[PDB]
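All remarks here apply to the structure that follows.
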Amino acid sequence: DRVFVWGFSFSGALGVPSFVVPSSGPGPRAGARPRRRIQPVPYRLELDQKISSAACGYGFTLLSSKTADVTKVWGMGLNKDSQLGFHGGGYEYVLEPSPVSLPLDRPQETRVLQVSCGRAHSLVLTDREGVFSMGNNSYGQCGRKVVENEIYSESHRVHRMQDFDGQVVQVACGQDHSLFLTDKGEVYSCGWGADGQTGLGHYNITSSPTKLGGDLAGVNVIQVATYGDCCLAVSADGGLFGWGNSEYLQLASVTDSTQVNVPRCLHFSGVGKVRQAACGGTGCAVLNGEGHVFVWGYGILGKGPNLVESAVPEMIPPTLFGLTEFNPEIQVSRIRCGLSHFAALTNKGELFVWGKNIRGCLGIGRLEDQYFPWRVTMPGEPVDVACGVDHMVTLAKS
Amino acid sequence: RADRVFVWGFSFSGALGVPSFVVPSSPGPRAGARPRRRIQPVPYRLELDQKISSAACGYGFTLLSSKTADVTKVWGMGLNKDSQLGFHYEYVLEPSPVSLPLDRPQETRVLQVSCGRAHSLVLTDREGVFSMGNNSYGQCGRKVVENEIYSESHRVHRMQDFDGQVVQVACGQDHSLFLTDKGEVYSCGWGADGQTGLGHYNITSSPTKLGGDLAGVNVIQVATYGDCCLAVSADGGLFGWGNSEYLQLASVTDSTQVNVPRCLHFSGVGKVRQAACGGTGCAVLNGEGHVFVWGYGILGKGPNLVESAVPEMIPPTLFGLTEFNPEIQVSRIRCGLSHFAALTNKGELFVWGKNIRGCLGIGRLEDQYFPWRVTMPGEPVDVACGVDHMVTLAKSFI
C-alpha cells in the first residue's frame with residue numbers, strides 16, 4: 001500500500017526531487033527553505049504503483065511490482081554505472097522513481113518477483129524468464145564475462161541468466177558479488193572472490209553463476225544473506241552457514257582465516273534453529289524459532305556501548321523489542337541488515353532499528369547512533385524494509 | 001539504569017516474596033484469575049523501592065539487605081518457623097522488615113547477609129555479626145539451650161569480639177563461617193563432619209579461629225552451604241575441610257569427615273580466585289576466569305561427568321566465551337545445594353546442575369548438564385542460590 005523513504009537524500013536515492021533543491025511543503029504563504037542532505041524521518045513516496053519488493057544499493061534504490069503491465073521496476077539514485085539501467089539525459093543521478101527497462105520475451109505476462117542492489121550493480125528476479133542484471137561488471141558480478149574496457153555509464157546492457165538447476169527464488173547482491181538461491185535449495189554465485197565471498201573454493205573472479213559446495217552440499221538452503229563481503233545461509237532444518245570476509249569475527253568461531261572461500265557450518269549452541277539471517281558489512285544477525293534476535297561480528301550490535309565485537313551470536317533482550325508481562329506474545333518476525341545498521345519487525349507490526357546512524361539512515365529524527373533497538377514511527381504498519389548504507393526504504397500498509 | 005531484583009524457583013514457602021504466587025491471580029482487566037503452581041519457572045521482578053546490595057537464599061527462605069543508613073536495612077521472606085527471618089505466620093509471604101538490635105541504627109550499615117538450613121547471619125560494618133534462627137547446634141554462635149523454642153522469638157545474638165573486623169560471613173547447613181580482615185577464619189555450629197574445621201567433631205557454640213593448613217595464610221574468601229567448606233588465599237591457594245563423602249577432599253585424604261583444614265593443590269588449576277561449594281559439588285574460578293568443577297552431581301560437563309576428586313575445567317565455549325577476547329571471562333561463580341551459577345564479563349547468567357523445583361529459572365524443568373544462559377529482563381550483577389530458589393541482583397538495560 002505505502003512506501004516510506006528516509007536517510008541520505010542528495011544522490012536521489014529517496015526519489016523526491018524537491019529533496020535536493022530549496023523548497024517548502026504546502027502552505028501558500030510559506031517561502032522556500034534550504035534543504036540538508038538528509039531526510040531524517042520517514043517520508044511517504046508518492047508513486048501510484050503497488051510495490052512488493054524494494055532494494056537499497058550503495059546510494060541508489062530499486063522498487064518492483066508484480067504487475068503484468070509492461071512497467072514493473074522503478075529506480076532512483078546514483079547511476080554512474082547504469083545500476084538503474086539506461087535513462088535518458090546525461091544525468092548521473094536519477095532524482096525520481098524512473099521506469100527500468102527489461103528485455104523480456106513476454107512483457108505483458110512475465111512478472112518481477114524481487115530486486116536487489118549492491119555497490120554498483122542490480123539484480124531483478126522474474127517468475128519465468130530468469131534473473132536480469134545491470135550496472136558495473138568490473139568483477140563479473142553481473143554474471144557475464146568481464147569486458148576489460150567496457151564503459152558502464154549510459155549503458156543499455158542488461159544480462160539475462162537462466163542457467164540454474166531449477167527456478168531462482170531469491171537474489172542477493174553483495175558489495176561486488178551476487179548470490180542466487182534456487183527452489184532446489186542450492187546457492188549460486190558470481191563476482192569478486194578476493195575474500196572468498198563467492199564461496200567457490202578459490203579467490204579469483206567468477207563471471208558466470210556457479211553452484212556452491214562445501215558444507216552446503218546436499219543442504220536445503222531456504223535463505224541467503226549478504227551486502228558487504230560476508231555471506232550467510234540458512235537451511236530448512238535451522239542450520240546456519242557462512243563464508244567470505246571474516247576480518248570482523250563473523251566466522252571466527254570455526255576458523256582463524258579472515259577470507260573463507262568454502263561455505264562452513266556455523267554451530268552455535270543456545271541459538272537453536274535459525275529461521276532468518278541478515279548480514280552487513282562487519283556484523284551479522286539471526287532470528288531463531290522463538291522470535292529471538294542474535295547479533296555478532298563487529299560494530300554497534302545492539303546491546304549497548306559495551307558490546308562492540310563478538311565471534312558468537314549475542315541475544316538481544318526481548319524486552320527491548322517491547323516484551324512485557326502485559327504484552328507477553330511479542331517476538332520479532334523479520335530481521336534485515338544495512339551496511340552498518342540493523343532492523344527488526346515484531347509480530348505487533350512495529351519497526352525497530354539500531355546500529356550506526358549514517359546520515360539519518362535510522363529514520364528516528366535524532367542523528368546519533370543507537371546502541372539499543374529503537375522504534376521508528378510512521379503513518380503505516382511496516383511489512384518489510386530494505387536497508388542501504390545511508391538510506392532506508394519501508395514497504396507499509398495503510 | 002535502576003536496580004532490579006529477580007526471583008524464581010520454589011514459591012510456596014514464600015521465599016520469592018510475591019504474595020500472589022501462592023493464590024490464584026492474574027494481564028488485562030478482563031483476564032480471569034488463574035491457578036498458581038508451587039514453582040515460578042522463569043525470572044520475575046520483585047518490586048522493591050529499597051536498594052538491595054546483598055541477597056542470601058536459605059533452605060526455603062530469603063534475606064535481602066541494603067547498605068542504607070536508614071533504620072530499616074534487612075528484609076526477609078519465606079520459612080520462619082525458627083525465626084530465621086527474626087520476629088514477625090510460619091511463612092512470610094512478602095519482603096518484611098527484619099528487626100535488628102543495633103546500637104546506632106541511623107549510622108551502622110549492613111554489608112552482607114547469609115542463610116543456612118534454619119539460621120541467618122547479618123554482617124554490619126561497625127557493630128559485628130548478628131545471628132538469628134535455629135541454634136540447636138550452636139550455629140548462631142551462642143550456647144545451646146536445651147529446650148529452646150525458636151518460633152516467634154525476638155532473639156538476635158550479637159558477635160562483636162573477633163580479632164579484626166569481619167568482612168565475610170557464610171552459612172552452612174548447620175554451621176557458620178566468619179572471615180576477618182586479618183585473613184583468618186572463625187567457625188561455630190555442628191561439627192560431626194568436621195565442617196567447623198576445629199580439629200574435633202563436637203558442637204561449637206562460640207566462634208573459634210581455625211588453624212591447620214590455614215595458620216599464617218591470608219584467606220580472602222570462604223565458601224559453604226552444605227557440610228563441606230572451601231577457602232581461598234590471597235596468592236591463589238585453595239583449602240578445604242568438612243564433609244568428603246562425595247570426593248570433595250579425596251585428593252588429599254581418604255577420610256569422609258575432615259575436621260582440620262587441608263591444602264588442596266591442583267596443578268591443572270591456576271591461581272584460585274573464587275570458590276563455591278554446594279552439598280556434594282565444588283567449583284573454583286582461576287586467574288584466567290576459567291571454571292573448574294569436581295565432587296559429585298550434575299557437575300556441568302555433560303551426563304558422563306558425575307564424580308571427580310580433581311577439578312575438571314568447563315570449556316569456556318559453553319559460557320559463550322572465545323579465546324579472541326580472553327579479557328571476557330567468567331567473573332563470578334556461585335553454588336546452590338545441587339546447582340551452579342556463573343556470571344560472565346558480558347553481563348550474562350549461566351546455570352546448570354540439578355533443577356530442583358525450577359530453581360534454574362530456565363522455563364523447562366529438566367536438569368541441565370551443561371551451562372545454560374538465563375533470560376531475564378535486566379543485566380545480572382550477582383546471584384544468590386538456595387536449595388530450590390534463586391535471587392538475582394540486576395540492573396535495567398537502559
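Quick reminder, even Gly has a Cβ in these numbers, built from the backbone with ideal geometry, and neighbours come from all protein chains shown. No lab work stands behind these numbers, since they all come straight from the coordinates.
Spin-label model, A:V41 to A:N327: label points 7 Å out along the Cα-to-beta-carbon direction sit 2.0 nm apart. Is region B:193-268 best put as rounded, prolate or oblate by its Cα gyration tensor, with a ≥ b ≥ c the root eigenvalues, rounded for a/c under 1.5, and otherwise prolate when a/b is larger than b/c, oblate when not? It is oblate, given that a/c is not under 1.5 and a/b is not larger than b/c. Working from Cα pairs under 8 Å separated by at least six residues, relative contact order for chain A is 14 percent.
Note on A:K145: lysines with a C-alpha under 21 Å away, same-chain residues under 8 apart excluded, are A:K80, A:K211. Counting only Cβ charges, +1 for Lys and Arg and -1 for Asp and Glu, the dipole size of chain B around its Cα centre is about 1080 debye.
Taking other residues whose beta carbon is less than 15 angstrom from the beta carbon of A:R359, and scoring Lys, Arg as +1 and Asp, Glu as -1, yields +2.
Ordered by packing density, taken as the mean number of other Cβ atoms within 10 Å over each peptide's residues, highest first, how do A:333-339, B:172-178, A:256-262 rank?
Details: A:333-339: 22.1, B:172-178: 27.7, A:256-262: 16.9.
Answer by packing, highest mean first, reads B:172-178, A:333-339, A:256-262.
How long is the gain from A:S18 to A:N204 if the chain were fully straight, where each residue apart is worth 0.36 nm and the alpha carbon distance is subtracted? Provide the component values of the computation, followed by the final result.
Numbers: separation 186, 0.36 × 186 = 66.96 nm, distance 4.37 nm.
Stretched fully, the A:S18-A:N204 segment lengthens by 62.6 nm.
Each other residue within a Cβ distance under 11 Å of A:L216 adds +1 if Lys or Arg and -1 if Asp or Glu, for a net charge of 0.
Can you check what the net charge comes to around B:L48, using other residues whose Cβ is under 15 Å from the Cβ of B:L48 (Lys, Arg +1; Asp, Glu -1)?
Details: positive: B:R4, B:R45, B:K51, B:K67, B:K73, B:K395; negative: B:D3, B:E47, B:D49, B:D70, B:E94.
Once all neighbours under 15 Å are counted, the net charge is +1.
Rounded to the nearest Hz, the phi-derived 3J(HN,Hα) couplings of region B:199-204 under the Karplus curve 6.51 cos²θ - 1.76 cosθ + 1.60 (θ = phi - 60°) are x, 8, 10, 9, 4, 10, where x marks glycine and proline. How many nm is it between the label spots at B:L48 and A:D105, if each spot is 7 Å from the Cα in line with the beta carbon? Here the modelled spin labels are 7.3 nm apart. Each residue of region A:273-280 was assigned a 3J(HN,Hα) from its phi angle through the Karplus curve 6.51 cos²θ - 1.76 cosθ + 1.60 (θ = phi - 60°); the sequence is 8, 7, 10, 9, 10, 9, 9, x Hz, with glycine and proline shown as x. Using the Cβ-Cβ distance between A:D1 and B:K143 with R0 = 51 Å, the FRET efficiency computed as 1/(1 + (r/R0)^6) comes to roughly 0.05.
Suppose we look only past 35 Å in the calculated P(r) of the protein assembly as shown. What percent of the Cα-Cα pairs does that tail hold?
Tail fraction, whole percent: 55.
Dividing the mean sequence gap of close Cα pairs (under 8 Å, 6+ apart) by how many residues region A:75-222 holds gives a relative contact order of 20 percent.
With semi-axes defined as the square roots of five times the eigenvalues of the C-alpha gyration tensor, the equivalent ellipsoid of chain B measures 30, 28, 19 Å, largest first.
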